[PDB]
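Down below is the structure, laid out as structure tokens.
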Amino acid sequence: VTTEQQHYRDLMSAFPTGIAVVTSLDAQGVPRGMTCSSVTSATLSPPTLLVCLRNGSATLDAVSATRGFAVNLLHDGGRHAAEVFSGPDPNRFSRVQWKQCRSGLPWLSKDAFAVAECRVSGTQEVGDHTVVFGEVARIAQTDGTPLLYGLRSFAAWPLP
Amino acid sequence: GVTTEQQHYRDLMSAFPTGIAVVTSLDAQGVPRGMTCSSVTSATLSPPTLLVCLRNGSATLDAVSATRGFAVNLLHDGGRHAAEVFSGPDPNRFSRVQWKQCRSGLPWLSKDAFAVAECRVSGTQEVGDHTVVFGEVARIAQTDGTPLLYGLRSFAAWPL
Ligand SMILES: Cc1cc2nc3c(=O)[nH]c(=O)nc-3n(C[C@H](O)[C@H](O)[C@H](O)COP(=O)(O)OP(=O)(O)OC[C@H]3O[C@@H](n4cnc5c(N)ncnc54)[C@H](O)[C@@H]3O)c2cc1C
Ligand SMILES: Cc1cc2nc3c(=O)[nH]c(=O)nc-3n(C[C@H](O)[C@H](O)[C@H](O)COP(=O)(O)OP(=O)(O)OC[C@H]3O[C@@H](n4cnc5c(N)ncnc54)[C@H](O)[C@@H]3O)c2cc1C
Ligand SMILES: NC(=O)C1=CN([C@@H]2O[C@H](COP(=O)(O)OP(=O)(O)OC[C@H]3O[C@@H](n4cnc5c(N)ncnc54)[C@H](O)[C@@H]3O)[C@@H](O)[C@H]2O)C=CC1
Ligand SMILES: NC(=O)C1=CN([C@@H]2O[C@H](COP(=O)(O)OP(=O)(O)OC[C@H]3O[C@@H](n4cnc5c(N)ncnc54)[C@H](O)[C@@H]3O)[C@@H](O)[C@H]2O)C=CC1
């Protein structure tokens, strides 16, 4: 017995999350990234998160080529960035402010309140996606109200 | 206990808010087990598969591994007490919430959850002291409700 895809979409839509832009570099050195809601903590020993990226995506290809990626947590002013990095716009990085970290990884310096640089420590394919484990290597974090996505809409963390 | 490094990582991940589920199963002797879970993540639509990340040695992970199935109970904004009890030290948590047994046997938190998804374990991946559990969704029931949220070390309600 297996549920239908629409019922599953409706279920998962009702689990709201923060919003990241996951970034890396492709083999040509070109920044790549996507809006990502699948950031999940895996373990503290060593500090490891995971993301789940669509197979064939430019971002997964860059993550695999660089074996590292940055997780840029968006604050409430970052809705436009989240739209850019989930939509059909070309040259997404020309539409946001960004800087290259010491690692070379793209950091969204205006739209994110925190950025974690991760080394790819393993992957696991599941259907048409790949779970990517990231061992966190460097963190820069400031105060900010997190952007949220849930029930097919953007919102803001409701507490000061 | 945590190291300084691990604390910086907790500070980061705390700023990625999520909905809140209670993941339930039965142990080998039929006893209901469950825990508060913020690691619910969508993996793929083909077939519909989510994942959760459960601590190794937890009663819930042992039950999930025994029975190869589990329920994901998404809590609505009246469910804070259930989330607190299912994240605390008391093994008699099931006597402190109102619940019902699904036809399959899985525990359903009927008073505190607005949705329940019954899952078959389709794979696992150990990562440090945790196990990522892949759940192929077999059945979903859902009603309207405002999702409970957790972020920045606080409960809140979805604001829209
Ligand atoms: C709130 C939210 C959360 C999301 N979370 C996740 C998640 O956790 N995991 C995940 O895998 N995806 C997620 N997505 C979807 C993801 O952000 C988009 O699919 C994104 O476009 C992928 O970017 P990419 O460059 O890696 O992929 P590609 O599909 O390889 O796109 C490459 C480039 O082509 C352009 N492009 C974008 N979309 C299209 C299109 N439809 N047709 C043609 N060209 C296009 C853009 O310039 C893009 O950079 C999420 C989307 C939203 C809105
Ligand atoms: C907001 C929030 C989100 C969380 N998200 C996650 C998550 O995504 N993943 C995760 O792994 N944890 C998560 N936790 C932690 C998790 O909810 C707690 O660790 C929870 O108490 C685990 O329950 P358990 O019964 O499976 O674990 P256990 O630690 O096995 O048991 C809890 C208590 O019951 C006792 N006990 C266990 N089994 C038995 C038995 N057979 N007989 C007698 N006593 C027994 C234990 O000694 C302990 O005192 C989260 C906590 C919070 C607050
Ligand atoms: N690839 C992914 O993991 C995700 C992709 N998206 C995509 O973003 C767009 C908008 O999403 P919503 O506004 O939430 O409406 P929606 O109704 O399409 O999706 C609801 C929820 O279902 C899950 N989901 C949807 N498509 C998925 C996919 N292809 N793979 C895995 N899980 C998926 C996610 O939890 C998503 O938030 C859609 O194109 C959706 O596919 C959104 C979230 C996760
Ligand atoms: N085991 C898990 O995956 C999780 C466990 N918890 C438990 O609840 C407690 C309180 O959490 P918060 O109030 O958010 O404050 P916190 O500062 O203790 O934790 C902040 C965040 O760090 C991550 N994290 C913490 N402990 C973790 C662990 N053992 N494994 C993986 N990721 C972990 C989670 O994303 C958590 O929300 C944590 O200290 C922990 O015991 C909470 C979230 C997930």
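Ligands are numbered from 1 in the order shown, residues from 1 within each chain, and chains are lettered A, B, ... in the order they appear in the structure tokens.
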
Residues of chain A in strand (DSSP E or B) according to DSSP, as a PyMOL selection string?
chain A and resi 17-18+20-25+31-36+40-44+47-54+68-75+99-100+106-107+112-126+129-141+146-150+153-156

Suppose we keep C-alpha atoms; can you now write the selection as a compact mmCIF listing (two decimals), in the first residue's frame?
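Everything below was put into again_24.txt:
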```txt
# COMPACT_ATOMS: atom_id res chain seq x y z
CA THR A 17 10.87 24.99 7.83
CA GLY A 18 13.51 27.63 7.62
CA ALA A 20 18.59 28.10 3.08
CA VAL A 21 20.40 28.80 -0.14
CA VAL A 22 22.90 25.97 -0.62
CA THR A 23 25.86 27.08 -2.72
CA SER A 24 28.98 25.60 -4.29
CA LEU A 25 31.19 25.92 -7.37
CA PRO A 31 28.97 29.66 -8.47
CA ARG A 32 25.88 27.46 -8.31
CA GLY A 33 23.14 27.30 -5.73
CA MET A 34 19.53 26.58 -4.93
CA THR A 35 16.81 27.33 -2.43
CA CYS A 36 16.72 24.42 0.00
CA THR A 40 18.46 18.71 8.78
CA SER A 41 20.78 18.07 11.70
CA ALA A 42 22.29 14.59 11.65
CA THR A 43 24.73 14.36 14.57
CA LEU A 44 27.01 16.39 16.82
CA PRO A 47 28.92 18.19 13.66
CA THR A 48 27.10 16.97 10.56
CA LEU A 49 23.98 18.19 8.78
CA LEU A 50 22.30 16.90 5.65
CA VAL A 51 20.52 18.37 2.65
CA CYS A 52 18.47 16.54 0.03
CA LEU A 53 19.11 17.73 -3.54
CA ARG A 54 17.45 16.76 -6.80
CA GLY A 68 31.87 21.00 -0.28
CA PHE A 69 29.05 23.48 -0.01
CA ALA A 70 27.82 26.43 2.01
CA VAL A 71 24.47 26.53 3.81
CA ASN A 72 23.22 30.13 3.86
CA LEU A 73 20.34 30.54 6.34
CA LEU A 74 18.02 33.29 5.11
CA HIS A 75 16.60 35.97 7.38
CA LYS A 99 31.11 37.17 -1.47
CA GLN A 100 33.58 34.31 -1.82
CA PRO A 106 29.57 31.59 -2.23
CA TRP A 107 28.19 33.44 0.81
CA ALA A 112 21.57 35.35 5.12
CA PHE A 113 22.12 35.73 8.84
CA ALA A 114 24.29 32.62 9.11
CA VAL A 115 26.53 30.62 6.80
CA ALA A 116 28.04 27.18 7.47
CA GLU A 117 30.79 25.77 5.29
CA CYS A 118 30.52 22.00 4.93
CA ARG A 119 32.70 19.21 3.58
CA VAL A 120 30.79 16.45 1.80
CA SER A 121 31.27 13.43 4.05
CA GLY A 122 28.95 11.02 2.24
CA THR A 123 25.93 10.75 0.01
CA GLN A 124 22.95 8.42 -0.36
CA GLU A 125 20.66 8.35 -3.38
CA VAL A 126 16.93 8.01 -2.70
CA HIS A 129 17.29 12.86 -5.01
CA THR A 130 20.60 12.53 -3.21
CA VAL A 131 20.99 13.04 0.52
CA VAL A 132 24.28 14.90 1.01
CA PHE A 133 25.97 14.76 4.40
CA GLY A 134 27.95 17.86 5.29
CA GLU A 135 30.51 17.93 8.08
CA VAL A 136 30.47 21.53 9.28
CA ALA A 137 33.88 23.19 9.16
CA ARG A 138 33.28 26.92 9.70
CA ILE A 139 30.26 28.92 10.89
CA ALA A 140 29.56 32.65 10.76
CA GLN A 141 26.35 33.61 12.53
CA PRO A 146 14.59 33.38 10.15
CA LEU A 147 12.58 33.24 6.97
CA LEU A 148 10.07 30.38 6.93
CA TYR A 149 8.26 28.44 4.25
CA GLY A 150 5.18 26.38 4.94
CA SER A 153 3.84 30.41 1.45
CA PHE A 154 6.66 32.44 2.91
CA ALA A 155 6.45 33.74 6.45
CA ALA A 156 8.73 34.95 9.23
```

As a count of residues only, please: every residue in chain A that DSSP puts in helix (DSSP H, G or I).
31

If the cut-off is 7 Å, can you tell me the residues of chain B near chain A, counting only C-alpha atoms? I'd like them as a PyMOL selection string.
chain B and resi 6+9+12-13+15-19+39+41-46+48+53+127-130+137-140+147+159

Neighbour list for residue 98 (chain A) as an mmCIF file with C-alpha atoms, in the first residue's frame, cut-off 9 Å, only C-alpha atoms, skip fewer than 5 positions in-chain:
```
data_model
loop_
_atom_site.group_PDB
_atom_site.id
_atom_site.type_symbol
_atom_site.label_atom_id
_atom_site.label_comp_id
_atom_site.auth_asym_id
_atom_site.auth_seq_id
_atom_site.Cartn_x
_atom_site.Cartn_y
_atom_site.Cartn_z
ATOM 1 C CA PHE A 93 24.272 35.328 -8.345
ATOM 2 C CA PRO A 106 29.572 31.589 -2.227
ATOM 3 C CA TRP A 107 28.189 33.437 0.808
ATOM 4 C CA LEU A 108 24.949 35.447 0.514
ATOM 5 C CA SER A 109 26.172 38.280 2.701
ATOM 6 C CA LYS A 110 23.036 40.458 2.609
ATOM 7 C CA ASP A 111 20.183 37.930 2.669
#
```

So that I can check the surroundings of residue 20 (chain B), please list as a VMD selection string every protein, DNA and RNA residue that reaches within 10 Å of it, counting only C-alpha atoms and ignoring chain neighbours fewer than 6 positions away.
(chain A and resid 15 to 16) or (chain B and resid 36 to 40 72 to 77 79 to 80 83 113 147 to 151 155)

Atom pair CA of residue 152 (chain A) / atom 10 (C, counted along the ligand's line) of ligand 3: separation (Å)
6.6 Å

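We find atom 32 (N, counted along the ligand's line) of ligand 3 and CA of residue 58 (chain A) to be spaced 17.3 Å apart.
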
So, counting only C-alpha atoms and all ligand atoms, which residue among A:26, A:83, A:61, A:76 is closest to ligand 3?
A:83

Which value, in Å to one decimal, gives the distance between CA of residue 99 (chain B) and atom 17 (O, counted along the ligand's line) of ligand 2?
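One can read the CA of residue 99 (chain B) to atom 17 (O, counted along the ligand's line) of ligand 2 distance as 17.4 Å.
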
So which one's closest to ligand 1, A:60, A:65, A:81, A:96? Using only C-alpha atoms and all ligand atoms, please.
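For ligand 1, the nearest of the candidates is A:60.
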
Taking only C-alpha atoms and all ligand atoms into account, which residues are within 6 Å of ligand 2, as a ChimeraX atom specification?
/B:33-39,53-55,58-60,86-91,150

Any chance you could export the current selection's N, CA, C and O atoms as a PDB file, in the first residue's frame?
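Dumped to out_22.pdb:
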```
ATOM      1  N   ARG B  33       6.362   3.003  21.555  1.00  0.00           N
ATOM      2  CA  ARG B  33       7.518   3.848  21.800  1.00  0.00           C
ATOM      3  C   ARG B  33       7.398   5.061  20.891  1.00  0.00           C
ATOM      4  O   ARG B  33       6.805   4.983  19.813  1.00  0.00           O
ATOM      5  N   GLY B  34       7.939   6.185  21.334  1.00  0.00           N
ATOM      6  CA  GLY B  34       7.910   7.360  20.481  1.00  0.00           C
ATOM      7  C   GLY B  34       8.783   8.466  21.023  1.00  0.00           C
ATOM      8  O   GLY B  34       9.208   8.447  22.180  1.00  0.00           O
ATOM      9  N   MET B  35       9.046   9.441  20.155  1.00  0.00           N
ATOM     10  CA  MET B  35       9.846  10.593  20.529  1.00  0.00           C
ATOM     11  C   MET B  35       9.444  11.809  19.707  1.00  0.00           C
ATOM     12  O   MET B  35       8.998  11.701  18.560  1.00  0.00           O
ATOM     13  N   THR B  36       9.657  12.970  20.304  1.00  0.00           N
ATOM     14  CA  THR B  36       9.550  14.228  19.586  1.00  0.00           C
ATOM     15  C   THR B  36      10.662  14.308  18.556  1.00  0.00           C
ATOM     16  O   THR B  36      11.815  13.978  18.844  1.00  0.00           O
ATOM     17  N   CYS B  37      10.302  14.712  17.343  1.00  0.00           N
ATOM     18  CA  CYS B  37      11.205  14.669  16.205  1.00  0.00           C
ATOM     19  C   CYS B  37      11.027  15.938  15.392  1.00  0.00           C
ATOM     20  O   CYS B  37       9.914  16.260  14.965  1.00  0.00           O
ATOM     21  N   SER B  38      12.129  16.654  15.196  1.00  0.00           N
ATOM     22  CA  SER B  38      12.170  17.835  14.354  1.00  0.00           C
ATOM     23  C   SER B  38      12.904  17.584  13.047  1.00  0.00           C
ATOM     24  O   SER B  38      13.043  18.510  12.246  1.00  0.00           O
ATOM     25  N   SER B  39      13.360  16.355  12.794  1.00  0.00           N
ATOM     26  CA  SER B  39      14.196  16.047  11.639  1.00  0.00           C
ATOM     27  C   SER B  39      13.408  15.469  10.461  1.00  0.00           C
ATOM     28  O   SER B  39      13.997  14.857   9.561  1.00  0.00           O
ATOM     29  N   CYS B  53      15.740  11.464  11.488  1.00  0.00           N
ATOM     30  CA  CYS B  53      17.057  11.176  12.047  1.00  0.00           C
ATOM     31  C   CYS B  53      16.885  10.905  13.535  1.00  0.00           C
ATOM     32  O   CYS B  53      16.536  11.812  14.296  1.00  0.00           O
ATOM     33  N   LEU B  54      17.125   9.657  13.950  1.00  0.00           N
ATOM     34  CA  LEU B  54      16.880   9.207  15.312  1.00  0.00           C
ATOM     35  C   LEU B  54      18.158   8.782  16.018  1.00  0.00           C
ATOM     36  O   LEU B  54      19.040   8.162  15.421  1.00  0.00           O
ATOM     37  N   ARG B  55      18.235   9.097  17.309  1.00  0.00           N
ATOM     38  CA  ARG B  55      19.422   8.800  18.098  1.00  0.00           C
ATOM     39  C   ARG B  55      19.630   7.297  18.267  1.00  0.00           C
ATOM     40  O   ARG B  55      18.699   6.548  18.576  1.00  0.00           O
ATOM     41  N   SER B  58      18.142   4.884  21.206  1.00  0.00           N
ATOM     42  CA  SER B  58      16.847   5.348  21.677  1.00  0.00           C
ATOM     43  C   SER B  58      15.815   4.231  21.596  1.00  0.00           C
ATOM     44  O   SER B  58      15.871   3.354  20.732  1.00  0.00           O
ATOM     45  N   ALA B  59      14.861   4.276  22.521  1.00  0.00           N
ATOM     46  CA  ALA B  59      13.774   3.309  22.499  1.00  0.00           C
ATOM     47  C   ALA B  59      13.019   3.378  21.180  1.00  0.00           C
ATOM     48  O   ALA B  59      12.618   2.347  20.628  1.00  0.00           O
ATOM     49  N   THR B  60      12.833   4.583  20.644  1.00  0.00           N
ATOM     50  CA  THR B  60      12.081   4.712  19.405  1.00  0.00           C
ATOM     51  C   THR B  60      12.832   4.072  18.241  1.00  0.00           C
ATOM     52  O   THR B  60      12.250   3.312  17.463  1.00  0.00           O
ATOM     53  N   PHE B  86       7.134  13.899  25.111  1.00  0.00           N
ATOM     54  CA  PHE B  86       7.833  12.978  24.221  1.00  0.00           C
ATOM     55  C   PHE B  86       9.276  13.376  23.941  1.00  0.00           C
ATOM     56  O   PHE B  86       9.960  12.666  23.197  1.00  0.00           O
ATOM     57  N   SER B  87       9.770  14.459  24.535  1.00  0.00           N
ATOM     58  CA  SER B  87      11.187  14.794  24.478  1.00  0.00           C
ATOM     59  C   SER B  87      11.859  14.696  25.839  1.00  0.00           C
ATOM     60  O   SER B  87      13.055  14.998  25.958  1.00  0.00           O
ATOM     61  N   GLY B  88      11.114  14.305  26.869  1.00  0.00           N
ATOM     62  CA  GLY B  88      11.611  14.297  28.220  1.00  0.00           C
ATOM     63  C   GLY B  88      12.066  12.927  28.676  1.00  0.00           C
ATOM     64  O   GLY B  88      12.214  11.992  27.883  1.00  0.00           O
ATOM     65  N   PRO B  89      12.313  12.793  29.978  1.00  0.00           N
ATOM     66  CA  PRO B  89      12.924  11.571  30.518  1.00  0.00           C
ATOM     67  C   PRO B  89      11.955  10.460  30.882  1.00  0.00           C
ATOM     68  O   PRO B  89      12.411   9.379  31.276  1.00  0.00           O
ATOM     69  N   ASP B  90      10.650  10.681  30.767  1.00  0.00           N
ATOM     70  CA  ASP B  90       9.672   9.759  31.332  1.00  0.00           C
ATOM     71  C   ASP B  90       9.322   8.688  30.308  1.00  0.00           C
ATOM     72  O   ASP B  90       8.754   9.015  29.260  1.00  0.00           O
ATOM     73  N   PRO B  91       9.635   7.411  30.562  1.00  0.00           N
ATOM     74  CA  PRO B  91       9.239   6.360  29.610  1.00  0.00           C
ATOM     75  C   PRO B  91       7.742   6.123  29.564  1.00  0.00           C
ATOM     76  O   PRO B  91       7.262   5.501  28.607  1.00  0.00           O
ATOM     77  N   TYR B 150       8.979  24.832  16.231  1.00  0.00           N
ATOM     78  CA  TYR B 150      10.038  24.948  17.217  1.00  0.00           C
ATOM     79  C   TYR B 150      11.238  25.584  16.542  1.00  0.00           C
ATOM     80  O   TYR B 150      11.638  25.157  15.454  1.00  0.00           O
TER      81      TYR B 150
END
```

Counting only C-alpha atoms and all ligand atoms, which residue out of B:133, B:50, B:66, B:22 sits closest to ligand 3?
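Once distances to ligand 3 are computed over only C-alpha atoms and all ligand atoms, the minimum belongs to B:50.
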
Pick out the closest residue to ligand 1 from this set: A:66, A:28, A:97, A:86. Count only C-alpha atoms and all ligand atoms.
A:86

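Within 9 Å of region 95-98 of chain B, once only C-alpha atoms are used and residues closer than 6 positions along the same chain are dropped, the contacting residues are residues 81, 82, 85, 108, 109, 110, 111 and 112 of chain B.
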
How would the residues just picked look written out with N, CA and C atoms as a compact mmCIF listing (two decimals), in the first residue's frame?
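Written out: selection33.txt:
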```
# COMPACT_ATOMS: atom_id res chain seq x y z
N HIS B 81 2.37 20.34 24.93
CA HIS B 81 2.58 19.44 26.06
C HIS B 81 3.01 18.05 25.58
N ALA B 82 2.40 17.56 24.50
CA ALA B 82 2.82 16.27 23.95
C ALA B 82 4.28 16.31 23.52
N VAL B 85 6.49 16.16 26.65
CA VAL B 85 6.54 14.85 27.28
C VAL B 85 7.33 13.87 26.42
N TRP B 108 -1.16 6.63 17.24
CA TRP B 108 -1.60 7.88 16.63
C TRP B 108 -1.98 8.84 17.76
N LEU B 109 -1.38 10.03 17.75
CA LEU B 109 -1.63 11.03 18.80
C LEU B 109 -2.85 11.83 18.37
N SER B 110 -4.03 11.26 18.62
CA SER B 110 -5.26 11.75 18.01
C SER B 110 -5.64 13.14 18.49
N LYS B 111 -5.26 13.50 19.70
CA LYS B 111 -5.66 14.78 20.26
C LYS B 111 -4.69 15.90 19.92
N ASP B 112 -3.42 15.57 19.67
CA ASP B 112 -2.38 16.57 19.52
C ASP B 112 -1.87 16.72 18.10
```

7 Å contact set for residue 106 (chain B), only C-alpha atoms, chain neighbours under 5 positions out, as number ranges by chain:
B: 24-26, 70-71, 101

From A:79, A:30, A:160, A:88, residue lying nearest ligand 1 [only C-alpha atoms and all ligand atoms]
A:88
